[PDB]
Amino acid sequence: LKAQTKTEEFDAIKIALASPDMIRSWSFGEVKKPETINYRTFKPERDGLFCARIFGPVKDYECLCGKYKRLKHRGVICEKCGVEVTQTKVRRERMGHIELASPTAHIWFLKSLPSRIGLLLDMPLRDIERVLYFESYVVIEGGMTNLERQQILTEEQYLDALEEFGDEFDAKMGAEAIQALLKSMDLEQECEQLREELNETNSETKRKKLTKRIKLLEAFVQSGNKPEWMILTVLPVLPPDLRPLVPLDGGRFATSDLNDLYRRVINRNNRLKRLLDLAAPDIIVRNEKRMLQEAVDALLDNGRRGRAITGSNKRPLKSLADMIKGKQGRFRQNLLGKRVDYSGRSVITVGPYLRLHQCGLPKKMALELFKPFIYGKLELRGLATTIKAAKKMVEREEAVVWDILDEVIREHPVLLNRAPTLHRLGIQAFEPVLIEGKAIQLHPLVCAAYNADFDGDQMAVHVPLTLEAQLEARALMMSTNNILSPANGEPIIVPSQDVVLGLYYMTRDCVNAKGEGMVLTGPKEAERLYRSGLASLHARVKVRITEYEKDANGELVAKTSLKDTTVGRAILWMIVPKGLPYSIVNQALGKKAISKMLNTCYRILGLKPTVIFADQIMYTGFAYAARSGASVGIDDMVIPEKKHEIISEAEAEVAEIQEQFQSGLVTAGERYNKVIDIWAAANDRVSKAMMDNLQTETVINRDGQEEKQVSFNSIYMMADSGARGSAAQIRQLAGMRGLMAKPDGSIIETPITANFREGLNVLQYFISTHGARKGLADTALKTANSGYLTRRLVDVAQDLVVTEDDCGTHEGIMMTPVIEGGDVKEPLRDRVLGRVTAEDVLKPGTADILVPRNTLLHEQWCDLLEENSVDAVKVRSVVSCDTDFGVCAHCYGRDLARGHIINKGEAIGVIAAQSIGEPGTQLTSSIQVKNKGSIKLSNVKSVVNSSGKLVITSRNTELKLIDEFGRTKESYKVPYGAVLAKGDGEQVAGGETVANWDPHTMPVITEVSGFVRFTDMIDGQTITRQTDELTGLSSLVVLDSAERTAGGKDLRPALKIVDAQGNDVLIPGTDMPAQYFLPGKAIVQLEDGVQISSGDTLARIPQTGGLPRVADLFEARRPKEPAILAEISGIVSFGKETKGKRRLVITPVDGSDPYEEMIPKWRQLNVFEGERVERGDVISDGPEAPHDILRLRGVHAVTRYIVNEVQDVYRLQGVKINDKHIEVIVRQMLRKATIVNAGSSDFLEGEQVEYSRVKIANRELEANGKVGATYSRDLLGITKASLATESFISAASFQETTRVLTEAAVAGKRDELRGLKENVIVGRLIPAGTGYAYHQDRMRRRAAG
Amino acid sequence: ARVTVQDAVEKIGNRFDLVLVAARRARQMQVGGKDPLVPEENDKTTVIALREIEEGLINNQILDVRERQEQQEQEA
Amino acid sequence: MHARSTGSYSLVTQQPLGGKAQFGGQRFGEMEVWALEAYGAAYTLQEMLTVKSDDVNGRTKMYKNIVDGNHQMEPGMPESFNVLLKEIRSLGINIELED
């Protein structure tokens, strides 16, 4: 667009060092006399802080003396003393000054943790202090004399410096002396010099400070500042309306010490200028400048002096610092944000009759919340004369004003936000309905998302006064605008319990029902058929329902069908919107189905049809809920007397096992688990008791003997509707409750035999007592941590905004279904569902592209993905997104609180936080293959030996289950030297252990057949003769490397494979000798002469998941025993035995030689020293380091491992947060990058990755060929992300003010008010969302043209 | 009443810029600067602006035209 | 049920008088703030933590404003925000927004 001639908004903000001359630009008057008293009579003396000549009119266009009591007089001054009459309100902006007669330094920039002035002049802060406290003289403009320019000279020594050098020599102390030094700083000479020596100095204590100084010096260049601008000659003065002085009843003063400090700043100040006209000696008038700078300190707090108190009163004087900021940032942007206007805080109530788009609000609250509108409306129409006359009408609550109240309520959007709201799903918009009551009524089918129940949930009502807020209501916050969860595309509101049962008793089938068999030509008369009740609600009746189908692209072709259907579901159709198929409502109703029904109604029919349909459901949900009269009392429950029959069985066995212990067969622990198992199986029998009983035991005479129908038990209905019927709870209620945990965290082997319906004893209570305790404790604390969890999430992604569409990258990461263990859990589909395809993807069929590069993958395209057998597809990731400081839509997707294209203006950082932080409260041998498919041996080198056992000789044993389709269903990692019953390309059934191994043995087997000769393996040197007491067959048990011999710790037990000649049989593929080294603690299953088959035993070696681990995931803690990965591709070997560490010399065969690691060998090393490993093979065993996989294999590698690691965490938690939210989170973690190569920046400086991304973008381009510094992605923790805040106004908020203030103040680095938290502090529209195009206007008018 | 705003998405689907634009139009309706063209159904200005955008008669294009049109009317 | 939107505020701080006693307005918390940042409510968040009940004079500049019914304001300053500029003014940095 075009910049306007009009002055609309105040543009993006700047902040940088200025000139005291520009402070003279605020020359309204000079503050002289602080005392505003006649020095007796309390006469309000002008000529000071409170003056009209120095500042302005006491009142609007009002002169000091009163010569101008005309609010027409503007400009004309009081000719006695210049009183230019203007509005007194502007005195909240009256800036004055005082011409100091003193060059003053800055002790604040001195004692700041980071000695700013020290690293500024490159002079030890120690000597700098000796200079500013006026105890010694610094040499100025001399330098090439007795001493150097950056040195001091005490009083005694300066006298010596004079006796030797009066010639070409001067050296004063303090600010004036340093003014000379700042007046002479040689910035860029030093710049050339500091990089020269950045390549010269090669010591840590040296170049550390080198890169330090060089950095900030070119930073001064970055702004163009010349150090002089820190030495104040001018003293700025605040607007009068910023320091109160009020009389106290009696004859005293209740003044805020703001005055009593500026008075001090000036008492001392004028005394100083006096002391200079008097020309007093140095150290005395300089001790005066000490008091001048402490006056400055008196304004901050007192700087870092000693907490200056006042005469006979302990009181560290008025701290401006703390008074604009404070805690949690400031006292507005903190929990301290006052009790909002246009608000109403009270508890809530239901309200069935409350329509979809509306809520119910109390008349009384309505009065208190709509007055101004009524006042403006009463004097607008003419039913009140003045606003005060309007007050009187509402003073009596005239029926008239209620109609005017009506006018300002009819279509007035309202915002509803609860207090316990931690996630955005607690904020919506509605429409008012006049309610005569006290509690705020709410629409039922929304409360589930609110998690707002009926106990004491107080919702605050916030009036959208401006049309913008009103439009925001009916734009994104409307009730009908918050249908899906912004974590996953499902229509979040699923019928909870009451409404579910309503529709459950509606659509249901049975065998006996009045009228079962007749025919109707319409569901409409079917309505008038049951509302009368001339037939039962579950009779199979032929009614002609006209189901529809969007056979076209919007034209729903009609298909009239006849259905022998139950009366209830027939009535259900009159509610069902056309397009939806009758097949979805031809079931016995399921809760999962009932939610995804609206999801498919959203897919097929769209938004509108789904919305209005949902409301219809709610009204009939209550309707037929009442028709059910679904009651349950003592006499309606049923208990199997087969329950106490299974208990009889359960009795026998345990009695006998305790008696086995009385003799001494099973041990205590053996008996322990034994007991547990039989009682658990007993409960499953009690299950197969009460479950089948209450499943279909009701048989009714109908068209035959007695045809059974599914039992209409209320319990059964809840248990099948899905509403609230959880057969597990129910079965601890009607069947044996079971074994409850114990105070230890284990299990009391005693079950709660006597069920709830029946008796319970004090014994059973105390078992379950730990349970009660347990529950409470955990949630009561998880709550608090979840809040700080979301705190750290906001911490990490504040500034991320989607602000582009397509960029220029043809990259992302590989999306793959988490095929692990048995069943294929997360599909390829449900990950990519709602994302944008990266590349042109081919089909399992070759050279036939099914999904072109840039394609929005939705339901149908995902159905398209599942028509063939495509298993792996790449999607453009946001961590690979080439968008600089932001994300593009073609790298994000569409899965949001809607199903459409993510738009520019969507600040995604924080919405990710909430969506992901929400689940905090819900956090905590011989494998037979059960999946029926084809056993596919991938990359594993197995071999057939004697007995046909397909033994394993490689660690990468990835077993796959390539099915009839080809898509892997099951995956199993088989250990070393294990048996494989079947091979690659041979189908097996479900229930055969082909993945058969022994966890107690890791046999060392050969690959080919050959003899074994024990080389350097004699008893006493390397091996011991541990031919046991059970097995006398020759075995040479290898002693480990510490039990062998002194000089035996350099001798290796090598097994040499030779034939009947003495020749060595080489290893398949290379020319290397097959010299397998028998490891430590190995039960050698062979002697000298035993021919090892193609895989026979030669040696025998035996051996949180919730908030906690995920928290450490955020700080990326290097573990206890970190599993190290193979650094480079190539051979690995040993060197230098245990001296504490051990040389793991990994020498490349295709890389660079010198690589060798230091590892303590207290770990179990699985080092394949005979093999040529690859960069990534686990070396030791234990937890891993995100860091390492990031810096080694790459971001993409580590990134999807962790998001899939956590994908398993939340998998068993039962929650599905959007992985795309998680993707952006991780990019922000690696926000900074520690550079590796040298170029135009630093050799190792941890700098912005995207800034460096634009660096190389134009390093490849012009002004260079290729000098560009190539970085290494640095992984930062969350308290490091919050520590690396570019918004100093944000770090200062919760971190050390002084620190961060000076931290940016050195160069006065401009925060263009570009971001999020800056828009909080200033109170303006962020550059996104509503203010997106708003700031387009603003940015087009700032720092550019 | 209004069931959805998906029809506003059919014309101007920014979801946020919508808020900005029509809101300013509603304010010219407040201050006697102007008056509506689409008859209100007791709907106060917020809901009226919604109707105007869904039909697509008064969108961002037309509003800027109105801006420059007033410029010829105030200048001359 | 304690409804408070308009009334009188304390003197020691801009914090309203009362709590769950006389005048029960919503003591808006830091985390509900974050909910409004999960939404597009930026302009409403603006007036929320400023013009509503935080700016000692901005609240009156809105009361006398809506007694006219005009919902249209300019980008005003949090005034203490204006004192924060004077904070840096007495140190080394300074505010002189150019152009």
# chains A, B, ... in the order shown; residues from 1 in each chain; ligands from 1
$ residues_around --residues "residue B:23" --least-positions-apart "6" --cutoff "10 Å" --atoms "only C-alpha atoms" --output "PyMOL selection string"
(chain A and resi 466-472) or (chain B and resi 17+29+45-46+49-50) or (chain C and resi 71-72)
$ interface_residues --of "chain B" --to "chain A" --cutoff "10 Å" --atoms "only C-alpha atoms" --output "number ranges by chain"
B: 1-9, 13-27, 41-50
$ write_last_selection --atoms "C-alpha atoms" --output "short mmCIF file (atom, residue, chain, number, x, y, z; two decimals), in the first residue's frame"
data_model
loop_
_atom_site.label_atom_id
_atom_site.label_comp_id
_atom_site.auth_asym_id
_atom_site.auth_seq_id
_atom_site.Cartn_x
_atom_site.Cartn_y
_atom_site.Cartn_z
CA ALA B 1 -29.27 -16.38 13.71
CA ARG B 2 -25.77 -16.53 12.18
CA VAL B 3 -24.72 -20.20 12.21
CA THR B 4 -21.18 -19.73 10.88
CA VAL B 5 -18.85 -17.22 9.24
CA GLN B 6 -17.44 -19.76 6.78
CA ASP B 7 -19.15 -17.74 4.03
CA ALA B 8 -16.96 -14.77 4.98
CA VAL B 9 -14.05 -17.15 4.44
CA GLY B 13 -10.74 -15.61 4.37
CA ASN B 14 -7.96 -13.91 6.33
CA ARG B 15 -9.90 -14.61 9.56
CA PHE B 16 -8.15 -11.60 11.19
CA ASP B 17 -7.80 -8.83 8.60
CA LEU B 18 -11.56 -9.29 8.28
CA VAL B 19 -11.92 -8.06 11.86
CA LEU B 20 -9.88 -4.94 11.11
CA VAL B 21 -11.57 -3.76 7.89
CA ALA B 22 -15.30 -4.22 8.61
CA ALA B 23 -14.79 -2.84 12.14
CA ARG B 24 -13.65 0.50 10.71
CA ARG B 25 -16.70 0.49 8.43
CA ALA B 26 -18.93 -0.01 11.48
CA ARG B 27 -17.32 3.01 13.14
CA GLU B 41 -32.42 -6.95 11.24
CA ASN B 42 -32.06 -5.45 14.72
CA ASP B 43 -28.46 -6.54 14.21
CA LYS B 44 -26.16 -3.88 15.65
CA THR B 45 -23.22 -2.78 13.45
CA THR B 46 -20.99 -5.81 14.20
CA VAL B 47 -23.39 -8.35 12.70
CA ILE B 48 -24.33 -5.93 9.92
CA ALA B 49 -20.72 -5.78 8.75
CA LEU B 50 -20.70 -9.58 8.71
#
$ residues_around --residues "stretch 89-98 of chain C" --least-positions-apart "3" --cutoff "10 Å" --atoms "only C-alpha atoms" --output "JSON, numbers by chain"
{"A": [10, 11, 12, 13, 14, 15, 16, 17, 18, 19, 20, 22, 23, 25, 106, 108, 109, 229, 230, 231, 232, 234, 235, 236, 237, 238, 296, 297, 299, 300, 1302, 1304, 1305, 1306, 1307, 1308, 1309, 1342, 1343], "C": [82, 83, 84, 85, 86]}
$ select_by_dssp --residues "stretch 263-310 of chain A" --states "alpha helix (DSSP H)" --output "PyMOL selection string"
chain A and resi 263-277+282-285+288-300
$ write_last_selection --atoms "N, CA, C and O atoms" --output "compact mmCIF listing (two decimals), in the first residue's frame"
# COMPACT_ATOMS: atom_id res chain seq x y z
N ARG A 263 15.46 16.85 44.81
CA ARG A 263 15.82 18.05 45.56
C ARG A 263 17.28 17.85 45.95
O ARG A 263 18.08 18.78 45.96
N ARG A 264 17.62 16.60 46.27
CA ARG A 264 18.98 16.26 46.65
C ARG A 264 19.88 16.32 45.43
O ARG A 264 21.00 16.84 45.50
N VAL A 265 19.38 15.82 44.31
CA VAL A 265 20.14 15.84 43.06
C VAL A 265 20.49 17.28 42.70
O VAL A 265 21.53 17.54 42.10
N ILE A 266 19.62 18.21 43.09
CA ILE A 266 19.83 19.61 42.77
C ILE A 266 20.46 20.44 43.89
O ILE A 266 21.13 21.44 43.62
N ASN A 267 20.24 20.05 45.15
CA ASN A 267 20.84 20.78 46.26
C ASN A 267 22.34 20.62 46.02
O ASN A 267 23.09 21.60 45.89
N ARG A 268 22.75 19.36 45.94
CA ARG A 268 24.14 19.00 45.69
C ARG A 268 24.64 19.62 44.39
O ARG A 268 25.76 20.14 44.33
N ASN A 269 23.81 19.58 43.35
CA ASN A 269 24.20 20.12 42.06
C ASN A 269 24.52 21.61 42.04
O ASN A 269 25.50 22.02 41.43
N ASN A 270 23.69 22.41 42.71
CA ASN A 270 23.93 23.85 42.70
C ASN A 270 25.12 24.16 43.60
O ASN A 270 25.90 25.07 43.33
N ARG A 271 25.25 23.37 44.66
CA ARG A 271 26.35 23.54 45.59
C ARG A 271 27.66 23.25 44.85
O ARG A 271 28.68 23.87 45.12
N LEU A 272 27.60 22.32 43.90
CA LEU A 272 28.76 21.93 43.11
C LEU A 272 29.22 23.07 42.20
O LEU A 272 30.41 23.38 42.14
N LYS A 273 28.27 23.67 41.50
CA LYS A 273 28.57 24.78 40.60
C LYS A 273 29.06 25.97 41.42
O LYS A 273 29.86 26.78 40.95
N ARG A 274 28.58 26.06 42.66
CA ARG A 274 28.98 27.14 43.55
C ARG A 274 30.44 26.90 43.90
O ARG A 274 31.28 27.80 43.82
N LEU A 275 30.74 25.66 44.28
CA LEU A 275 32.08 25.26 44.67
C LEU A 275 33.11 25.44 43.56
O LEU A 275 34.32 25.39 43.82
N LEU A 276 32.65 25.67 42.34
CA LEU A 276 33.54 25.85 41.21
C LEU A 276 33.75 27.32 40.85
O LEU A 276 34.73 27.67 40.18
N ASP A 277 32.82 28.17 41.29
CA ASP A 277 32.93 29.61 41.06
C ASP A 277 33.82 30.09 42.18
O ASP A 277 34.48 31.13 42.08
N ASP A 282 40.85 20.46 44.16
CA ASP A 282 40.43 19.22 43.49
C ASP A 282 39.64 18.16 44.27
O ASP A 282 38.41 18.13 44.19
N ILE A 283 40.34 17.30 45.01
CA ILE A 283 39.70 16.22 45.77
C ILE A 283 38.45 16.59 46.57
O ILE A 283 37.67 15.71 46.93
N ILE A 284 38.26 17.87 46.85
CA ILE A 284 37.08 18.31 47.61
C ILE A 284 35.87 18.51 46.70
O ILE A 284 34.78 18.04 47.01
N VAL A 285 36.07 19.21 45.59
CA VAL A 285 34.99 19.45 44.64
C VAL A 285 34.73 18.18 43.83
O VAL A 285 33.69 18.03 43.19
N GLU A 288 32.57 16.09 45.63
CA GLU A 288 31.25 16.67 45.40
C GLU A 288 30.63 15.97 44.20
O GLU A 288 29.41 15.79 44.13
N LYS A 289 31.47 15.58 43.24
CA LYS A 289 31.01 14.88 42.05
C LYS A 289 30.69 13.43 42.43
O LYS A 289 30.00 12.72 41.70
N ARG A 290 31.22 13.01 43.58
CA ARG A 290 30.98 11.68 44.10
C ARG A 290 29.53 11.70 44.56
O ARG A 290 28.75 10.78 44.28
N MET A 291 29.18 12.78 45.25
CA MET A 291 27.84 12.99 45.77
C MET A 291 26.86 13.31 44.63
O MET A 291 25.65 13.20 44.80
N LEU A 292 27.40 13.70 43.49
CA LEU A 292 26.57 14.01 42.34
C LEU A 292 26.17 12.71 41.66
O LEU A 292 25.02 12.54 41.22
N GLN A 293 27.11 11.77 41.58
CA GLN A 293 26.85 10.48 40.95
C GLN A 293 26.05 9.57 41.87
O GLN A 293 25.36 8.66 41.41
N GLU A 294 26.14 9.80 43.18
CA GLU A 294 25.38 8.99 44.13
C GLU A 294 23.95 9.50 44.13
O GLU A 294 23.03 8.80 44.56
N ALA A 295 23.77 10.74 43.66
CA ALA A 295 22.45 11.34 43.57
C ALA A 295 21.77 10.61 42.42
O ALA A 295 20.58 10.30 42.47
N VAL A 296 22.56 10.32 41.38
CA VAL A 296 22.08 9.59 40.21
C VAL A 296 21.69 8.19 40.70
O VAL A 296 20.64 7.64 40.33
N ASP A 297 22.54 7.63 41.55
CA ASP A 297 22.31 6.32 42.13
C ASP A 297 21.03 6.37 42.97
O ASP A 297 20.27 5.41 43.00
N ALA A 298 20.82 7.51 43.63
CA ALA A 298 19.65 7.71 44.48
C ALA A 298 18.37 7.60 43.67
O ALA A 298 17.29 7.37 44.22
N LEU A 299 18.49 7.77 42.36
CA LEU A 299 17.35 7.68 41.47
C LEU A 299 17.08 6.25 41.04
O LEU A 299 15.93 5.84 40.92
N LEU A 300 18.14 5.49 40.78
CA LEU A 300 17.94 4.10 40.37
C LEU A 300 17.29 3.41 41.58
O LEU A 300 16.12 3.04 41.56
$ interface_residues --of "chain C" --to "chain B" --cutoff "12 Å" --atoms "only C-alpha atoms" --output "ChimeraX atom specification"
/C:39-44,66,68-73
$ write_last_selection --atoms "N, CA and C atoms" --output "mmCIF file, in the first residue's frame"
data_model
loop_
_atom_site.group_PDB
_atom_site.id
_atom_site.type_symbol
_atom_site.label_atom_id
_atom_site.label_comp_id
_atom_site.auth_asym_id
_atom_site.auth_seq_id
_atom_site.Cartn_x
_atom_site.Cartn_y
_atom_site.Cartn_z
ATOM 1 N N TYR C 39 -4.712 -16.793 21.193
ATOM 2 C CA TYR C 39 -5.758 -16.309 20.299
ATOM 3 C C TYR C 39 -5.220 -15.098 19.531
ATOM 4 N N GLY C 40 -6.057 -14.510 18.681
ATOM 5 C CA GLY C 40 -5.639 -13.348 17.914
ATOM 6 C C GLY C 40 -6.000 -12.057 18.626
ATOM 7 N N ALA C 41 -6.511 -12.195 19.847
ATOM 8 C CA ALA C 41 -6.910 -11.053 20.661
ATOM 9 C C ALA C 41 -5.696 -10.247 21.113
ATOM 10 N N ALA C 42 -5.220 -9.368 20.237
ATOM 11 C CA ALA C 42 -4.067 -8.527 20.534
ATOM 12 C C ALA C 42 -4.522 -7.106 20.859
ATOM 13 N N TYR C 43 -5.476 -6.602 20.081
ATOM 14 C CA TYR C 43 -6.007 -5.261 20.292
ATOM 15 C C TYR C 43 -6.818 -5.235 21.583
ATOM 16 N N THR C 44 -7.500 -6.340 21.870
ATOM 17 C CA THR C 44 -8.311 -6.448 23.077
ATOM 18 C C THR C 44 -7.406 -6.675 24.282
ATOM 19 N N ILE C 66 -17.138 6.374 25.825
ATOM 20 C CA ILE C 66 -18.288 5.522 25.536
ATOM 21 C C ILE C 66 -19.631 6.116 25.985
ATOM 22 N N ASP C 68 -20.503 8.488 24.635
ATOM 23 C CA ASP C 68 -20.734 9.043 23.312
ATOM 24 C C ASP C 68 -20.965 7.829 22.422
ATOM 25 N N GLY C 69 -20.416 6.694 22.854
ATOM 26 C CA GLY C 69 -20.580 5.450 22.122
ATOM 27 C C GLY C 69 -19.567 5.233 21.016
ATOM 28 N N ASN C 70 -18.517 6.047 21.000
ATOM 29 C CA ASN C 70 -17.487 5.925 19.975
ATOM 30 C C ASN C 70 -16.396 4.955 20.408
ATOM 31 N N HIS C 71 -16.359 3.793 19.768
ATOM 32 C CA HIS C 71 -15.360 2.778 20.074
ATOM 33 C C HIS C 71 -14.231 2.949 19.062
ATOM 34 N N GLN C 72 -13.381 3.943 19.310
ATOM 35 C CA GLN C 72 -12.270 4.265 18.421
ATOM 36 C C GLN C 72 -11.237 5.117 19.163
ATOM 37 N N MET C 73 -10.086 4.522 19.469
ATOM 38 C CA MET C 73 -9.022 5.224 20.182
ATOM 39 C C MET C 73 -7.713 5.227 19.392
#
$ interface_residues --of "chain A" --to "chain C" --cutoff "6 Å" --atoms "only C-alpha atoms" --output "ChimeraX atom specification"
/A:16-18,230,236,332,334-335,337-346,372,376,423-424,466,469,910-911,1323-1325,1329
$ write_last_selection --atoms "N, CA and C atoms" --output "short mmCIF file (atom, residue, chain, number, x, y, z; two decimals), in the first residue's frame"
data_model
loop_
_atom_site.label_atom_id
_atom_site.label_comp_id
_atom_site.auth_asym_id
_atom_site.auth_seq_id
_atom_site.Cartn_x
_atom_site.Cartn_y
_atom_site.Cartn_z
N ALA A 16 18.23 4.14 21.07
CA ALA A 16 19.67 4.22 20.89
C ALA A 16 20.22 5.41 21.67
N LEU A 17 21.54 5.47 21.80
CA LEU A 17 22.18 6.57 22.51
C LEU A 17 21.84 7.87 21.78
N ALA A 18 21.75 8.96 22.53
CA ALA A 18 21.43 10.26 21.94
C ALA A 18 22.45 11.30 22.38
N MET A 230 28.37 9.45 26.91
CA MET A 230 28.05 8.79 28.17
C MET A 230 28.44 9.74 29.31
N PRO A 236 18.82 15.78 32.80
CA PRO A 236 17.42 15.74 32.36
C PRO A 236 16.46 15.92 33.54
N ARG A 332 1.32 -4.75 35.62
CA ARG A 332 0.24 -4.62 34.67
C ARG A 332 0.35 -5.96 33.96
N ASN A 334 1.69 -8.42 34.71
CA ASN A 334 1.88 -9.49 35.69
C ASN A 334 0.49 -9.90 36.20
N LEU A 335 0.43 -10.76 37.22
CA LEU A 335 -0.87 -11.17 37.76
C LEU A 335 -1.53 -9.93 38.35
N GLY A 337 -2.38 -7.27 36.91
CA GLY A 337 -3.28 -6.56 36.01
C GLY A 337 -4.59 -6.43 36.75
N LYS A 338 -4.88 -5.22 37.23
CA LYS A 338 -6.08 -4.90 38.02
C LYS A 338 -7.40 -5.57 37.65
N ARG A 339 -8.40 -5.34 38.50
CA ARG A 339 -9.75 -5.88 38.32
C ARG A 339 -10.39 -5.14 37.15
N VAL A 340 -10.30 -5.77 35.99
CA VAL A 340 -10.81 -5.23 34.74
C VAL A 340 -12.23 -4.65 34.73
N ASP A 341 -12.38 -3.59 33.93
CA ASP A 341 -13.65 -2.90 33.74
C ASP A 341 -14.39 -3.73 32.69
N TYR A 342 -15.69 -3.52 32.56
CA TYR A 342 -16.47 -4.30 31.60
C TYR A 342 -16.38 -5.76 32.01
N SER A 343 -16.27 -6.01 33.31
CA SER A 343 -16.17 -7.37 33.82
C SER A 343 -17.25 -7.74 34.84
N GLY A 344 -17.42 -9.04 35.02
CA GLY A 344 -18.39 -9.57 35.96
C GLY A 344 -17.89 -10.94 36.37
N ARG A 345 -17.55 -11.08 37.65
CA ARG A 345 -17.02 -12.34 38.17
C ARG A 345 -18.00 -13.10 39.05
N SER A 346 -18.47 -14.26 38.57
CA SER A 346 -19.42 -15.07 39.34
C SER A 346 -19.45 -16.53 38.87
N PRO A 372 -22.97 2.77 30.17
CA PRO A 372 -22.56 3.77 29.17
C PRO A 372 -23.35 3.71 27.85
N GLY A 376 -25.58 6.70 26.44
CA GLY A 376 -25.40 7.22 25.10
C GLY A 376 -26.62 6.98 24.23
N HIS A 423 -5.57 -23.13 29.24
CA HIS A 423 -5.48 -23.29 27.79
C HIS A 423 -6.54 -22.42 27.11
N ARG A 424 -6.27 -22.03 25.87
CA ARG A 424 -7.17 -21.16 25.10
C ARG A 424 -8.60 -21.65 24.90
N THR A 466 -15.11 -2.46 21.73
CA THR A 466 -14.81 -1.97 20.39
C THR A 466 -15.30 -2.96 19.33
N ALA A 469 -13.02 -5.92 18.68
CA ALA A 469 -13.15 -7.01 19.64
C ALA A 469 -14.46 -7.75 19.40
N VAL A 910 3.35 -19.27 20.57
CA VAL A 910 2.55 -19.41 21.79
C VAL A 910 1.35 -20.36 21.71
N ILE A 911 0.76 -20.53 20.53
CA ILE A 911 -0.39 -21.42 20.40
C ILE A 911 0.08 -22.87 20.50
N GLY A 1323 1.81 -2.06 24.61
CA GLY A 1323 0.37 -2.11 24.45
C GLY A 1323 -0.04 -1.73 23.03
N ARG A 1324 0.38 -2.54 22.07
CA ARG A 1324 0.07 -2.30 20.66
C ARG A 1324 -0.05 -3.62 19.89
N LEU A 1325 -0.77 -3.58 18.78
CA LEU A 1325 -0.97 -4.76 17.95
C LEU A 1325 0.33 -5.38 17.46
N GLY A 1329 -1.79 -11.36 12.96
CA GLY A 1329 -3.20 -11.42 13.28
C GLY A 1329 -3.95 -10.19 12.80
#
$ residues_around --residues "stretch 1218-1225 of chain A" --least-positions-apart "4" --cutoff "8 Å" --atoms "only C-alpha atoms" --output "list in words"
residues 487, 488, 793, 796, 797, 831, 877, 878, 879, 892, 908, 909, 912, 913, 915, 916, 1199, 1203 and 1229 of chain A
$ atom_distance --atom1 "atom CA of residue A:416" --atom2 "atom CA of residue A:428"
5.6 Å
$ atom_distance --atom1 "atom CA of residue A:532" --atom2 "atom CA of residue A:617"
20.9 Å
$ select_by_dssp --residues "chain C" --states "strand (DSSP E or B)" --output "ChimeraX atom specification"
/C:2,9,16,27,93-94
$ residues_around --residues "stretch 935-948 of chain A" --least-positions-apart "2" --cutoff "6 Å" --atoms "only C-alpha atoms" --output "list in words"
residues 950, 951, 952, 953, 954, 956, 957, 958, 959, 960, 961, 984, 985, 1093 and 1094 of chain A
